[PDB]
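Peer 1: Once you've had a glance at the structure underneath, I'll fire off some questions.
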Amino acid sequence: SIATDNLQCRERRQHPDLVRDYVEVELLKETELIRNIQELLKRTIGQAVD
Amino acid sequence: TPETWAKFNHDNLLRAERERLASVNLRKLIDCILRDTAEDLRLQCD
Amino acid sequence: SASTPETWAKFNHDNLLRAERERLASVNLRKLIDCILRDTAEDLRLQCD
Amino acid sequence: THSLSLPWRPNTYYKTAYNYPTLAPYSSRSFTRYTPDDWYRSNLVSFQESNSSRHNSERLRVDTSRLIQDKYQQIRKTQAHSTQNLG
Amino acid sequence: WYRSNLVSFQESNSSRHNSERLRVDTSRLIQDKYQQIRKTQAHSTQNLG
Amino acid sequence: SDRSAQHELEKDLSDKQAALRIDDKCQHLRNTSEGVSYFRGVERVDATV
Amino acid sequence: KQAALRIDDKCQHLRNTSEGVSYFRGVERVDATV
Amino acid sequence: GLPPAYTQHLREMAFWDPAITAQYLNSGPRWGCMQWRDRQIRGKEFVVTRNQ
Amino acid sequence: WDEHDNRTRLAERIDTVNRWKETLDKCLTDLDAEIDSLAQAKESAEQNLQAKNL
Amino acid sequence: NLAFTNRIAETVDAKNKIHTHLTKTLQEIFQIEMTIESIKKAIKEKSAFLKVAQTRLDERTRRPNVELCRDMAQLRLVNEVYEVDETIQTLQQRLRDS
Amino acid sequence: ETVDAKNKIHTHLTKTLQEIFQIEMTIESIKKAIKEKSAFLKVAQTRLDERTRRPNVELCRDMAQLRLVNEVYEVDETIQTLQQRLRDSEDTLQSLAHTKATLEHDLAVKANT
Amino acid sequence: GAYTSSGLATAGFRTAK
Amino acid sequence: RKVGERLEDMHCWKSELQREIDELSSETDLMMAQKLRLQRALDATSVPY
Amino acid sequence: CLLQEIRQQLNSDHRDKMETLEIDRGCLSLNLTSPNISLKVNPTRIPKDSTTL
Amino acid sequence: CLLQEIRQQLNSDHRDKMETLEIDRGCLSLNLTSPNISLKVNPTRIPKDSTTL
């Protein structure tokens, strides 16, 4: 939720400074890392009950 | 015969100990993977 | 536009061909059903005799 | 015998071929500048199409969940009945 | 009593050499399909580049 | 006349740039790329100039 | 009686994937009952 | 406790149905040829269980 | 007879735990509805903030 | 330039609630994947039950000449087999529709 | 001849259980091959769908497209052949289970003797 | 292990800049 | 003149589709008539059992 | 024997009424904006059955 | 954030209710006839979690 909030937050930015800076690529990596983490946690949860 | 009797009981004891071994292996993989995920997420946040 | 005349004609012709093939298959099925019923009745008559 | 028009718009063909798979290719073998009413028509059709697809998927989920619960319970009770009878 | 025994052993060994031929051909086809499809994927990357 | 030819080259440049972006994103598309899904009839569907 | 009892005991004591549960085919069609 | 068709199967003579699920017990028809199958066309709805 | 009366007690407990599950189901569905209805209101504040930006 | 102001406000609103529709579509695609995974798990579990019932019946039917008996459990097993057949076919139909 | 007949049936049964275990592993390997070829179809057809959104002269009859059509056809033939292999392996496992039940019954009746 | 069988359909979207 | 020629062209496909759907309706009626005989034959074989 | 025949006829009548209920519920479930509606050929015709109430 | 907290607690409690229903219904369906009827190791065993009504 905080990563998607910051990604949507950085689209209010005015058109000279609407930038693909160091922040944007790291936020994209943050979103994919968080989703990979919680999907893998779901799969090991599935292993545990079996 | 008693040899079949003892063989049957020890074979099921072996299966139970294999089950315990699998559970301990799963335990080790679980606490390793939690340490890995937590360290990676805090690193990327920094 | 959404079609050229060859595409529109081939659309209609493929519908016609599929429908004609299904009509022929149903005709053959009717002939099979009649043959099956004939064989059934004659065999059971012979066994009762 | 097609020809090349400098603006090329195959969007209607893309919708038609997504609807029906047996329409063979539409390619150049052998009016520009849309009116403003088409601009409103396109986005209203987009919004209604998305709403239609989403609501179909919602009704499928609720029917599917009730189906899964019913079949699981039915087969469990039948297995219990067969075990009682063999006993 | 002998003719049941010989037929039992015949059906056993027939099922066995059928299954062994099946398993070796299965492993060969799996390796063939894997290497062929990986190759043409590499070709796809090459032409897009 | 010079302004006319310059504008023609500029619109062709815009076309090449957008096609470059499309073919780049197609080139880096590997498996496990988190962007793939099934598509039906695309093996037959084409517009081609 | 003992033979029928041992067959039906074996059939009763199965569960979901106990051991040896396997696909057969066409035993639904038999009716050879005395 | 059991219903009647299985009981007349239990007894001696063949006063039972050759087809095992009786039509007063089944949800659906035996040998019934209709589905009401619809097709995917965009913008026009997809209705499941038209027969009910 | 003790088998039957403990069967009755256990069926009563089935009834009560099913009542509590059915009572929490409404709260779960309503919390989904409430977080969506509150998330729309921040988007109203979003578009109002840009409308005061110009 | 007021015409340009009109056009930019108009296109920006189009952008914005296109973005809203995209977010809702992605979330529903997620839940569709989870539902089809549940359907596949259900199909393999019902296949296991069919294995068990039909193995029980074919193990039972080898009985001697006197004890070939038409008990209630035989009829129950036949009904169970065709019931789980109907269950399996309904699950494949729901899988194809999803 | 009861004793060595029974021992012959016992050896046949033990090796039959072994071979059925290998055939089940073969079945699961064919299933894994099937699902990975499905993912490869997904990648190729998504790429081919996204590619045809180009501007007017950029719609080009490239060797890339004249290869992608053969890509989709070849993966279709691959998944068809692997499905056929799955059906054949199920058939042979059925025959093995039939032989297993037959020799189980014969082992019991010879062991009564 | 490696999630080689499941592909979700989304990412954190920004188009072109 | 071109518009009238196109009307003359579409009339042929209209007539062909009309004829084909009427022949399919008659054929499926004959197949339903053949279908009811099988049910009555099944009952009349349930008697001799 | 007579009871067997009567039950056969009642089974046929029950099957007919179940299929009838199913088609009528589908015809009720149809509405506007549904993807199955079209102009139908000769919709006012009377078929060969033509039973009265 | 507070609504997310309350949602997570209620979801956990609902899942627990589903689990205890799913095991107790099978306990009711246990008969005199079932296969898995056995002498357990220690009846009247109060566990480590003693949570009263």
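In the structure tokens, chains take letters A, B, ... by order of appearance, with residues numbered from 1 within each chain and ligands from 1 in the order shown.
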Produce a table with one row for each residue of chain G that has an atom at most 10 Å from any atom of chain O, each row naming the nearest atom pair and its distance in Å at one decimal; use only C-alpha atoms; arrange rows by chain and rising residue number; format as JSON lines.
Peer 2:
```
{"residue": "G:9", "atom": "CA", "partner": "O:35", "partner_atom": "CA", "distance": 9.9}
{"residue": "G:12", "atom": "CA", "partner": "O:35", "partner_atom": "CA", "distance": 7.3}
{"residue": "G:13", "atom": "CA", "partner": "O:35", "partner_atom": "CA", "distance": 6.3}
{"residue": "G:14", "atom": "CA", "partner": "O:35", "partner_atom": "CA", "distance": 8.7}
{"residue": "G:15", "atom": "CA", "partner": "O:35", "partner_atom": "CA", "distance": 9.0}
```
Peer 1: Write a file of the just-selected residues containing N, CA and C atoms, as a PDB file, in the first residue's frame.
Peer 2:
```pdb
ATOM      1  N   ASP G   9     -12.852 -56.960   4.925  1.00  0.00           N
ATOM      2  CA  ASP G   9     -12.008 -56.212   5.853  1.00  0.00           C
ATOM      3  C   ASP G   9     -10.990 -55.367   5.108  1.00  0.00           C
ATOM      4  N   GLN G  12     -12.858 -52.464   3.531  1.00  0.00           N
ATOM      5  CA  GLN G  12     -13.287 -51.457   4.490  1.00  0.00           C
ATOM      6  C   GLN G  12     -12.129 -50.576   4.926  1.00  0.00           C
ATOM      7  N   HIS G  13     -10.936 -51.148   5.082  1.00  0.00           N
ATOM      8  CA  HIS G  13      -9.873 -50.363   5.706  1.00  0.00           C
ATOM      9  C   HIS G  13      -9.144 -49.413   4.755  1.00  0.00           C
ATOM     10  N   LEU G  14      -9.602 -49.218   3.520  1.00  0.00           N
ATOM     11  CA  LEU G  14      -9.023 -48.165   2.690  1.00  0.00           C
ATOM     12  C   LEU G  14      -9.478 -46.780   3.131  1.00  0.00           C
ATOM     13  N   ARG G  15      -8.658 -45.788   2.794  1.00  0.00           N
ATOM     14  CA  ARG G  15      -8.940 -44.377   3.006  1.00  0.00           C
ATOM     15  C   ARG G  15      -8.540 -43.645   1.734  1.00  0.00           C
TER      16      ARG G  15
END
```
Peer 1: I'd like the superposed chain N, fitted onto chain O by least squares over all Cα atoms in order, as a short mmCIF file (atom, residue, chain, number, x, y, z; two decimals) with N, CA, C and O atoms, in the first residue's frame.
Peer 2:
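Dumped to selection.cif:
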```
data_model
loop_
_atom_site.label_atom_id
_atom_site.label_comp_id
_atom_site.auth_asym_id
_atom_site.auth_seq_id
_atom_site.Cartn_x
_atom_site.Cartn_y
_atom_site.Cartn_z
N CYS N 1 -5.45 3.17 7.67
CA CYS N 1 -4.50 2.25 8.29
C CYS N 1 -5.14 1.43 9.42
O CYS N 1 -4.93 0.21 9.51
N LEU N 2 -5.92 2.10 10.27
CA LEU N 2 -6.59 1.39 11.37
C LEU N 2 -7.60 0.37 10.86
O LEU N 2 -7.72 -0.74 11.42
N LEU N 3 -8.33 0.72 9.80
CA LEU N 3 -9.30 -0.21 9.24
C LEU N 3 -8.63 -1.43 8.61
O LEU N 3 -9.16 -2.54 8.71
N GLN N 4 -7.47 -1.23 7.98
CA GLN N 4 -6.70 -2.36 7.46
C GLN N 4 -6.30 -3.33 8.57
O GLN N 4 -6.45 -4.55 8.42
N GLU N 5 -5.83 -2.80 9.71
CA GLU N 5 -5.43 -3.68 10.81
C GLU N 5 -6.61 -4.46 11.40
O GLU N 5 -6.51 -5.66 11.68
N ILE N 6 -7.75 -3.77 11.56
CA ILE N 6 -8.94 -4.43 12.11
C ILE N 6 -9.44 -5.54 11.19
O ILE N 6 -9.85 -6.61 11.65
N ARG N 7 -9.37 -5.31 9.87
CA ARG N 7 -9.79 -6.35 8.94
C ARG N 7 -8.84 -7.54 8.95
O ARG N 7 -9.28 -8.68 8.76
N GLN N 8 -7.53 -7.31 9.18
CA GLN N 8 -6.60 -8.43 9.32
C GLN N 8 -6.97 -9.32 10.51
O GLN N 8 -6.99 -10.56 10.39
N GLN N 9 -7.28 -8.70 11.66
CA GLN N 9 -7.63 -9.50 12.83
C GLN N 9 -8.95 -10.25 12.63
O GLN N 9 -9.07 -11.41 13.05
N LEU N 10 -9.92 -9.62 11.97
CA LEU N 10 -11.18 -10.30 11.72
C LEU N 10 -11.02 -11.45 10.73
O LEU N 10 -11.73 -12.46 10.85
N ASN N 11 -10.10 -11.32 9.77
CA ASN N 11 -9.81 -12.43 8.86
C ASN N 11 -9.24 -13.63 9.61
O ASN N 11 -9.61 -14.78 9.34
N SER N 12 -8.33 -13.37 10.56
CA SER N 12 -7.77 -14.46 11.36
C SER N 12 -8.83 -15.16 12.20
O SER N 12 -8.85 -16.40 12.30
N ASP N 13 -9.74 -14.38 12.79
CA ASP N 13 -10.79 -14.96 13.62
C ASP N 13 -11.77 -15.78 12.77
O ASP N 13 -12.21 -16.86 13.21
N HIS N 14 -12.07 -15.32 11.56
CA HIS N 14 -12.93 -16.08 10.66
C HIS N 14 -12.30 -17.40 10.25
O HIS N 14 -13.00 -18.43 10.16
N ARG N 15 -10.99 -17.40 9.98
CA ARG N 15 -10.30 -18.65 9.64
C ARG N 15 -10.35 -19.65 10.79
O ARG N 15 -10.57 -20.85 10.57
N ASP N 16 -10.13 -19.16 12.01
CA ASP N 16 -10.21 -20.04 13.17
C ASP N 16 -11.58 -20.67 13.35
O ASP N 16 -11.69 -21.87 13.61
N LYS N 17 -12.64 -19.89 13.13
CA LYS N 17 -13.97 -20.46 13.31
C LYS N 17 -14.36 -21.41 12.19
O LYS N 17 -15.09 -22.38 12.44
N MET N 18 -13.85 -21.21 10.97
CA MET N 18 -14.14 -22.18 9.91
C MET N 18 -13.46 -23.52 10.17
O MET N 18 -14.09 -24.58 10.02
N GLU N 19 -12.18 -23.49 10.58
CA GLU N 19 -11.49 -24.75 10.90
C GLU N 19 -12.14 -25.45 12.09
O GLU N 19 -12.23 -26.69 12.11
N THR N 20 -12.64 -24.68 13.05
CA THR N 20 -13.32 -25.24 14.21
C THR N 20 -14.60 -25.96 13.82
O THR N 20 -14.86 -27.08 14.28
N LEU N 21 -15.41 -25.31 12.97
CA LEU N 21 -16.65 -25.92 12.48
C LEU N 21 -16.37 -27.20 11.73
O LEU N 21 -17.11 -28.19 11.89
N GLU N 22 -15.28 -27.24 10.98
CA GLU N 22 -14.94 -28.40 10.18
C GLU N 22 -14.55 -29.60 11.06
O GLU N 22 -15.03 -30.72 10.85
N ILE N 23 -13.70 -29.36 12.07
CA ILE N 23 -13.30 -30.45 12.97
C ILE N 23 -14.48 -30.96 13.79
O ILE N 23 -14.63 -32.17 14.00
N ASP N 24 -15.36 -30.05 14.22
CA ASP N 24 -16.51 -30.49 15.01
C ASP N 24 -17.51 -31.28 14.18
O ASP N 24 -18.13 -32.23 14.68
N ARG N 25 -17.67 -30.94 12.90
CA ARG N 25 -18.55 -31.73 12.05
C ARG N 25 -17.97 -33.11 11.77
O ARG N 25 -18.72 -34.09 11.68
N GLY N 26 -16.64 -33.21 11.65
CA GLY N 26 -16.03 -34.54 11.53
C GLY N 26 -16.22 -35.40 12.77
O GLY N 26 -16.51 -36.60 12.68
N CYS N 27 -16.07 -34.78 13.95
CA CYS N 27 -16.26 -35.50 15.20
C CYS N 27 -17.72 -35.92 15.39
O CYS N 27 -17.99 -36.95 16.01
N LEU N 28 -18.66 -35.14 14.85
CA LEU N 28 -20.05 -35.58 14.86
C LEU N 28 -20.29 -36.71 13.87
O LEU N 28 -21.08 -37.62 14.14
N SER N 29 -19.63 -36.66 12.71
CA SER N 29 -19.87 -37.66 11.66
C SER N 29 -19.34 -39.03 12.03
O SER N 29 -19.82 -40.03 11.49
N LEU N 30 -18.34 -39.10 12.91
CA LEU N 30 -17.89 -40.40 13.42
C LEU N 30 -19.01 -41.11 14.18
O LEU N 30 -19.82 -40.48 14.87
N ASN N 31 -19.06 -42.44 14.05
CA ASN N 31 -20.04 -43.25 14.76
C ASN N 31 -19.43 -44.61 15.04
O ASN N 31 -18.21 -44.80 14.90
N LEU N 32 -20.26 -45.58 15.42
CA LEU N 32 -19.81 -46.95 15.56
C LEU N 32 -19.54 -47.56 14.19
O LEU N 32 -19.99 -47.07 13.16
N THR N 33 -18.77 -48.66 14.22
CA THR N 33 -18.31 -49.43 13.05
C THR N 33 -17.55 -48.57 12.04
O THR N 33 -17.46 -48.93 10.87
N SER N 34 -16.93 -47.49 12.48
CA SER N 34 -16.22 -46.63 11.55
C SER N 34 -14.74 -47.02 11.54
O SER N 34 -14.20 -47.39 12.58
N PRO N 35 -14.05 -46.96 10.40
CA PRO N 35 -12.69 -47.51 10.33
C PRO N 35 -11.61 -46.65 10.96
O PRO N 35 -10.43 -46.99 10.84
N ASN N 36 -11.96 -45.55 11.62
CA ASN N 36 -10.97 -44.66 12.18
C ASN N 36 -10.94 -44.67 13.70
O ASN N 36 -10.08 -44.00 14.29
N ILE N 37 -11.83 -45.39 14.35
CA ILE N 37 -11.90 -45.38 15.81
C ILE N 37 -10.80 -46.26 16.38
O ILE N 37 -10.41 -47.26 15.77
N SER N 38 -10.28 -45.86 17.53
CA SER N 38 -9.27 -46.62 18.26
C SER N 38 -9.22 -46.08 19.68
O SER N 38 -9.82 -45.05 20.00
N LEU N 39 -8.49 -46.79 20.54
CA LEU N 39 -8.21 -46.29 21.88
C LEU N 39 -7.12 -45.23 21.81
O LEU N 39 -6.01 -45.50 21.35
N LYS N 40 -7.43 -44.02 22.27
CA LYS N 40 -6.47 -42.93 22.18
C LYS N 40 -5.70 -42.71 23.46
O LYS N 40 -6.22 -42.84 24.57
N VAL N 41 -4.42 -42.38 23.27
CA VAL N 41 -3.51 -42.11 24.36
C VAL N 41 -3.88 -40.82 25.07
O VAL N 41 -3.98 -39.76 24.44
N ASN N 42 -4.08 -40.92 26.38
CA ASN N 42 -4.40 -39.80 27.26
C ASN N 42 -5.53 -38.91 26.77
O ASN N 42 -5.32 -37.71 26.52
N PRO N 43 -6.74 -39.44 26.56
CA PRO N 43 -7.79 -38.64 25.95
C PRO N 43 -8.42 -37.63 26.89
O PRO N 43 -9.12 -36.73 26.42
N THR N 44 -8.18 -37.75 28.18
CA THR N 44 -8.76 -36.86 29.18
C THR N 44 -7.85 -35.69 29.52
O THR N 44 -8.17 -34.93 30.44
N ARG N 45 -6.74 -35.53 28.81
CA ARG N 45 -5.79 -34.47 29.13
C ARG N 45 -6.34 -33.11 28.73
O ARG N 45 -7.28 -33.00 27.93
N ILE N 46 -5.76 -32.07 29.30
CA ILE N 46 -6.08 -30.68 28.99
C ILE N 46 -4.84 -30.06 28.36
O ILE N 46 -3.77 -30.08 28.97
N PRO N 47 -4.93 -29.50 27.16
CA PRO N 47 -3.75 -28.98 26.48
C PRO N 47 -3.32 -27.64 27.06
O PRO N 47 -3.92 -27.12 28.00
N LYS N 48 -2.26 -27.08 26.47
CA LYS N 48 -1.70 -25.83 26.97
C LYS N 48 -2.59 -24.61 26.71
O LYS N 48 -2.40 -23.58 27.37
N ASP N 49 -3.51 -24.70 25.76
CA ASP N 49 -4.38 -23.58 25.45
C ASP N 49 -5.34 -23.28 26.58
O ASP N 49 -5.18 -22.26 27.25
N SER N 50 -6.30 -24.19 26.81
CA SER N 50 -7.17 -24.21 27.99
C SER N 50 -7.93 -22.90 28.19
O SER N 50 -8.03 -22.37 29.30
N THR N 51 -8.46 -22.37 27.10
CA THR N 51 -9.33 -21.21 27.16
C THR N 51 -10.65 -21.61 27.82
O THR N 51 -11.07 -22.76 27.74
N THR N 52 -11.27 -20.69 28.55
CA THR N 52 -12.61 -20.94 29.05
C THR N 52 -13.64 -20.27 28.14
O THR N 52 -13.30 -19.48 27.25
N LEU N 53 -14.91 -20.59 28.40
CA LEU N 53 -16.00 -20.11 27.56
C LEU N 53 -16.15 -18.60 27.64
O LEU N 53 -16.43 -17.94 26.63
#
```
Peer 1: Please, what distance in Å, to one decimal, runs between CA of residue 60 (chain J) and CA of residue 7 (chain G)?
Peer 2: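 Separation of CA of residue 60 (chain J) and CA of residue 7 (chain G): 6.2 Å.
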Peer 1: Take CA of residue 39 (chain F) and CA of residue 35 (chain J) and report the distance between them in Å, one decimal.
Peer 2: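 That distance, rounded to one decimal, is 19.9 Å.
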Peer 1: Find the distance between CA of residue 21 (chain J) and CA of residue 37 (chain A) and write it in Å to one decimal.
Peer 2: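 It comes out at 26.3 Å.
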Peer 1: Just want the 10 Å neighbourhood of region 65-82 of chain J, counted on only C-alpha atoms, with same-chain residues fewer than 5 positions away dropped. Output as an MDAnalysis selection string.
Peer 2: (chainID D and resid 75 78:79 81:87) or (chainID G and resid 1 3:5 27:29 31:34) or (chainID H and resid 2 6:7 9:11 20:21) or (chainID J and resid 49:54 56:57 60 87:88)
Peer 1: Taking C-alpha atoms for each residue, export the selection above as a CSV table (one decimal), in the first residue's frame.
Peer 2:
```
chain,number,residue,atom,x,y,z
D,75,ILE,CA,-18.7,-36.3,-2.0
D,78,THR,CA,-21.3,-40.2,0.1
D,79,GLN,CA,-17.9,-41.7,1.1
D,81,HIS,CA,-22.1,-43.7,3.7
D,82,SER,CA,-20.2,-46.3,1.7
D,83,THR,CA,-17.8,-46.9,4.7
D,84,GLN,CA,-20.8,-47.3,7.0
D,85,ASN,CA,-22.4,-49.9,4.7
D,86,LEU,CA,-19.2,-52.0,4.4
D,87,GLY,CA,-18.9,-51.9,8.2
G,1,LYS,CA,-17.2,-67.0,5.6
G,3,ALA,CA,-12.6,-65.7,2.9
G,4,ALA,CA,-15.5,-63.2,2.5
G,5,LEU,CA,-14.5,-61.6,5.8
G,27,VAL,CA,-15.6,-53.0,-13.3
G,28,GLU,CA,-18.7,-50.8,-13.2
G,29,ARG,CA,-20.1,-53.0,-16.0
G,31,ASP,CA,-23.2,-57.9,-12.7
G,32,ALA,CA,-22.2,-61.6,-12.4
G,33,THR,CA,-24.0,-62.1,-9.1
G,34,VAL,CA,-25.5,-65.4,-7.9
H,2,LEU,CA,-33.7,-46.7,1.7
H,6,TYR,CA,-32.9,-49.9,-4.6
H,7,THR,CA,-35.2,-52.3,-2.6
H,9,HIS,CA,-33.1,-54.2,-7.0
H,10,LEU,CA,-32.4,-56.0,-3.7
H,11,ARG,CA,-35.2,-58.5,-4.2
H,20,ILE,CA,-30.0,-47.0,-12.4
H,21,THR,CA,-30.8,-43.3,-11.6
J,49,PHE,CA,-11.7,-40.2,-4.5
J,50,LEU,CA,-12.6,-42.0,-7.8
J,51,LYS,CA,-9.4,-44.0,-7.5
J,52,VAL,CA,-10.3,-45.1,-4.0
J,53,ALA,CA,-13.9,-46.1,-4.7
J,54,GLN,CA,-13.2,-48.1,-7.8
J,56,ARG,CA,-12.4,-50.9,-3.4
J,57,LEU,CA,-15.0,-52.3,-5.8
J,60,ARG,CA,-14.2,-56.8,-3.7
J,87,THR,CA,-18.9,-33.9,-10.1
J,88,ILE,CA,-15.7,-34.1,-12.2
```
Peer 1: Once you count only C-alpha atoms, which residues of chain K turn out to be within 8 Å of chain L? Could you give them as a list in words?
Peer 2: residues 35, 36 and 39 of chain K
Peer 1: If we count only C-alpha atoms, which residues of chain F reach to within 6 Å of chain D? Please list them as a ChimeraX atom specification.
Peer 2: /F:41,45-49
Peer 1: So that I have them on file, write out the residues from the current selection with N, CA, C and O atoms, as a PDB file, in the first residue's frame.
Peer 2:
```pdb
ATOM      1  N   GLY F  41      -5.778 -16.836 -31.590  1.00  0.00           N
ATOM      2  CA  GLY F  41      -5.952 -16.403 -32.953  1.00  0.00           C
ATOM      3  C   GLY F  41      -4.942 -15.394 -33.442  1.00  0.00           C
ATOM      4  O   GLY F  41      -5.050 -14.948 -34.590  1.00  0.00           O
ATOM      5  N   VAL F  45      -4.016 -13.625 -37.119  1.00  0.00           N
ATOM      6  CA  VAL F  45      -4.451 -12.240 -37.264  1.00  0.00           C
ATOM      7  C   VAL F  45      -3.251 -11.366 -37.590  1.00  0.00           C
ATOM      8  O   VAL F  45      -2.263 -11.341 -36.848  1.00  0.00           O
ATOM      9  N   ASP F  46      -3.337 -10.643 -38.704  1.00  0.00           N
ATOM     10  CA  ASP F  46      -2.290  -9.707 -39.079  1.00  0.00           C
ATOM     11  C   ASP F  46      -2.859  -8.616 -39.967  1.00  0.00           C
ATOM     12  O   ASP F  46      -3.680  -8.878 -40.848  1.00  0.00           O
ATOM     13  N   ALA F  47      -2.421  -7.393 -39.715  1.00  0.00           N
ATOM     14  CA  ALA F  47      -2.432  -6.330 -40.703  1.00  0.00           C
ATOM     15  C   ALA F  47      -0.979  -6.087 -41.081  1.00  0.00           C
ATOM     16  O   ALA F  47      -0.098  -6.136 -40.218  1.00  0.00           O
ATOM     17  N   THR F  48      -0.718  -5.894 -42.370  1.00  0.00           N
ATOM     18  CA  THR F  48       0.659  -5.811 -42.845  1.00  0.00           C
ATOM     19  C   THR F  48       0.707  -4.916 -44.068  1.00  0.00           C
ATOM     20  O   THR F  48      -0.001  -5.165 -45.048  1.00  0.00           O
ATOM     21  N   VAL F  49       1.548  -3.889 -44.014  1.00  0.00           N
ATOM     22  CA  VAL F  49       1.647  -2.903 -45.072  1.00  0.00           C
ATOM     23  C   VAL F  49       2.919  -3.083 -45.894  1.00  0.00           C
ATOM     24  O   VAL F  49       2.871  -3.050 -47.126  1.00  0.00           O
TER      25      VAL F  49
END
```
Peer 1: Residues within 12 Å of residue 44 (chain M), please, as a list in words. Count only C-alpha atoms; anything in the same chain fewer than 4 positions from it doesn't count.
Peer 2: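 The neighbour list is residues 40, 41 and 44 of chain C; 37, 38, 39, 40, 48 and 49 of chain M; 4, 5 and 8 of chain N.
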Peer 1: Write the residues of the selection above to a file with N, CA and C atoms, as an mmCIF file, in the first residue's frame.
Peer 2:
```
data_model
loop_
_atom_site.group_PDB
_atom_site.id
_atom_site.type_symbol
_atom_site.label_atom_id
_atom_site.label_comp_id
_atom_site.auth_asym_id
_atom_site.auth_seq_id
_atom_site.Cartn_x
_atom_site.Cartn_y
_atom_site.Cartn_z
ATOM 1 N N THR C 40 -31.627 -55.369 -33.909
ATOM 2 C CA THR C 40 -32.142 -55.652 -32.571
ATOM 3 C C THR C 40 -33.420 -56.483 -32.591
ATOM 4 N N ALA C 41 -34.413 -56.042 -33.375
ATOM 5 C CA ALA C 41 -35.697 -56.741 -33.391
ATOM 6 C C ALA C 41 -35.565 -58.162 -33.920
ATOM 7 N N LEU C 44 -33.766 -60.527 -31.272
ATOM 8 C CA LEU C 44 -34.565 -60.889 -30.109
ATOM 9 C C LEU C 44 -35.732 -61.808 -30.480
ATOM 10 N N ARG M 37 -38.312 -43.151 -31.427
ATOM 11 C CA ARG M 37 -38.424 -44.595 -31.610
ATOM 12 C C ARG M 37 -37.465 -45.356 -30.714
ATOM 13 N N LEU M 38 -36.286 -44.795 -30.449
ATOM 14 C CA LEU M 38 -35.314 -45.484 -29.611
ATOM 15 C C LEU M 38 -35.784 -45.563 -28.168
ATOM 16 N N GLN M 39 -36.440 -44.510 -27.678
ATOM 17 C CA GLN M 39 -36.983 -44.551 -26.327
ATOM 18 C C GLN M 39 -38.119 -45.556 -26.212
ATOM 19 N N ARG M 40 -38.992 -45.607 -27.223
ATOM 20 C CA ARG M 40 -40.060 -46.600 -27.140
ATOM 21 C C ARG M 40 -39.536 -48.022 -27.324
ATOM 22 N N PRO M 48 -39.670 -57.693 -21.833
ATOM 23 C CA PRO M 48 -39.160 -59.072 -21.837
ATOM 24 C C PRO M 48 -38.118 -59.391 -20.787
ATOM 25 N N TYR M 49 -37.398 -58.409 -20.249
ATOM 26 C CA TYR M 49 -36.507 -58.684 -19.127
ATOM 27 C C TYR M 49 -37.287 -59.155 -17.909
ATOM 28 N N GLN N 4 -46.187 -51.183 -13.968
ATOM 29 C CA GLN N 4 -44.946 -50.859 -14.666
ATOM 30 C C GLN N 4 -45.199 -49.966 -15.877
ATOM 31 N N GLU N 5 -46.235 -50.285 -16.671
ATOM 32 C CA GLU N 5 -46.522 -49.461 -17.853
ATOM 33 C C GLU N 5 -46.952 -48.044 -17.480
ATOM 34 N N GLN N 8 -43.989 -45.990 -16.530
ATOM 35 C CA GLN N 8 -43.228 -45.555 -17.705
ATOM 36 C C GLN N 8 -43.824 -44.296 -18.331
#
```
